[PDB]
Structure formats: C-alpha cells, structure tokens
Amino acid sequence: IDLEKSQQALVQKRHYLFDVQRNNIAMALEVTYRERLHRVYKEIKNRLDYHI
Amino acid sequence: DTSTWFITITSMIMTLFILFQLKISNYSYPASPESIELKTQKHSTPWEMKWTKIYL
C-alpha cells in the first residue's frame, strides 16, 4: 500500500512544479514589457516638463 | 564372568553407530526457526529502499 501511493505521489508532484516553471518565467516577460511601455512615456514626460 | 578372549561385541558396536547417526540426524532445532524471520525483514526493507530509490 505505501509503495503504491509512492508511485502516484511523484506524478502529481511533477506536473504541478513543471507548470510553475512555465508561469514563473511568464511573469518575467510581462513586467519587463509593462515597464517598457511605461519608461518610454517617462523620458518623453521629461521634455514635456523641461521646456515649460 | 571374568569373561575372556574379546573377538565378540566390539565389531557389533560400530554397526550401531550407523543407526544412531541416522535417527538423531533428523531432528529440529527451535532456534533455527527464529533466524528465518530476520532475513525476510531486511529484504523487503531494502526492496522498499529499492522502491524509495525508484522515487528518489
């Protein structure tokens, strides 16, 4: 009994953490694209603030 | 009485020690039965360790 569940324990463990590695890198590209759209507004706000 | 001459019994004693080494050789020791329970425990524990290594 204890070695039958030892089969099934590693097949629910592995598919959870192999999609966490999908989504831990998925957030790494959104927060570097959201900060790409935001920064290009910041360095054109400096010229909208300087000449006044 | 003080009997004599001895050519008798002593050749009929070593035929007897083919009998007594036949009967008493087929006996059973209670202790040997406690030894076979020990090796069955360590084998499945290593087999579970072979299953734990099949996990790890």
# chains A, B, ... in the order shown; residues from 1 in each chain; ligands from 1
$ interface_residues --of "chain B" --to "chain A" --cutoff "9 Å" --atoms "only C-alpha atoms" --output "count of residues only"
5
$ select_by_dssp --residues "chain B" --states "alpha helix (DSSP H)" --output "PyMOL selection string"
chain B and resi 16-23+32-55
$ atom_distance --atom1 "CA of residue 40 (chain A)" --atom2 "CA of residue 28 (chain A)"
18.9 Å
$ atom_distance --atom1 "CA of residue 14 (chain A)" --atom2 "CA of residue 53 (chain B)"
16.3 Å
